[PDB]
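In the structure tokens that follow, a single protein chain appears in two forms: structure 1, then structure 2.
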Structure 1
């Protein structure tokens, strides 16, 4: 069946809306991004810390959030010339305004009843609360999706997300799913090329690849921008591209070492997040993990930029299939649980 997934993370720049086809495999049919208006962003941020009149404020803020979400859903469907009747459900994360599992609560707003009213599509939402009710942290959610996609190959695999920072899901046969942070991802390379060339990032890692790794600098680094700038002053003036090359090597070494310490027999590293598009970084990771095949998740039909939205569409599917949606090995929950709640159209 077909599902929409709706995600809006804590950066509040906009909403990711994806449309998947789900059967034996998960396939991305379409995707859409909708920027969040400045006014909505502030009112949400103002709810992310304790303040007065929160019940009423959150109730009114979520109405605006839902209207925007419904607009985005309508827009994606229009683009695909698809009737909402062709979609089984929307999996909506909502918007986190408070997440405090130590006090046994997590709060995502996003009035799913209104989302169903406006879209005419069944909504599955409120995915974190059941994991928390069962003693979990209510996060992370995506490793369950990683496991369903890539687990059970009888193969030791790592699903590596390279965003600003790096994190990995380890899928080892006969072992619990594991998850941990690997180190910096794109954060410094982005910071360095922005500072030096006004680029948001290093496309294909081409700037890094044109430079030459400085081993003195690399050694200092291994033993943010001001943090980096502090290091560069302690060396003669280095070409900016050599700096970039050294920053790439820094990420490649930190990721590969963290991964291999936890899963030395890793056979495949599947890379998602924007770092999967960094050709130079991907090449170096492969060199540093010579017993593992390193490839983008794209090679498996999962576009690396859309992992999160697709996970939420998938969670809608899991709910309706009466299958568990959490990964208690990573959330700390007592066991597998059905995640979410159904608000029918």
Structure 2
């Protein structure tokens, strides 16, 4: 059947919407991006830290988020010349405003009942909670999907997402799927260039490529306890943010802004490489998705730090890097409806396999 996937990630630039065909395999039929207004982005970010009157504030933010998603679903279907009735379900991640696996909770907002009401399509949502409920991290959730797409018993491969945050799926033949967050992907580089130069992202990693890696700063950033931990682990804005970076910066004389940028690129390269190679030293292929796949300087640094492996963007495997996550969530809606597991216990640390999500019928 046909499934919609709805993802809104860490960057908060806008919503990813995806149409997939799901039978024996997964086929991307269509994709649609809708920018998020500055107001909504800032209001979401304000909910990402503890604050006053959060229940009402989140309820009102969630309305606008859902109205925008429904709008985006309408636009995709019209542009593809198909009616809501031709889609079996929308797999909606919602929007993470808090991720505290160590306190046994994770918060994705996005009122799925309103989403079903506005789209007239069945909604499967809230995928992370049942994994956390089973003792797991609730993240990353793509591994099972990466496994469905790229699982091959000839070669050991890692499927790496570089978004705001980085995460990897380790597909070792004959062994259970493993994986975890590696740490910051684009989140720090975006925040640094936005703070200094007013731009949302560092195009092709060019500002970073114009500076010099500072070894002292790099070592102290890699000293964060998160990078040392192994096995199931997940992270978010709670750990890696701009105040976090500036605390490491305030201990030492003012450094050139482009050099801080260069260092942050290397932090992402090194934290990915070291955590990946620690878990799958026999890695032969690294398949890269998310925005980071088109960061030239990062894709080059990843190639230098993992010489034993072929580092390549996921587009030369038939899957556009930007749409992988949306597709995963459409696929999770299919998995829910078929009563098939969505998590990987050796990824999240959950007690066992679980059916993820909840069903809100149209």
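Residue numbers count along the first chain shown, from 1. For clarity, a rigid core is taken as the largest C-alpha set superposing within 1.5 Å between two forms.
Once you line up the core between structure 1 and structure 2, the CA of 267 is the only one from 100, 86, 267, 117 that shifts by 2 Å or more. Superposition of the larger rigid part on its C-alpha atoms leaves the smaller part rotated by 32 degrees between structure 1 and structure 2. Comparison between structure 1 and structure 2 places the CA of residue 302 2.9 angstrom away from its other position, after core fitting.
With the core fitted, the CA of residue 277 sits 6.4 Å away from its counterpart between structure 1 and structure 2. When the rigid core is fitted, residue 74 shows a C-alpha shift of 0.5 Å between structure 1 and structure 2.
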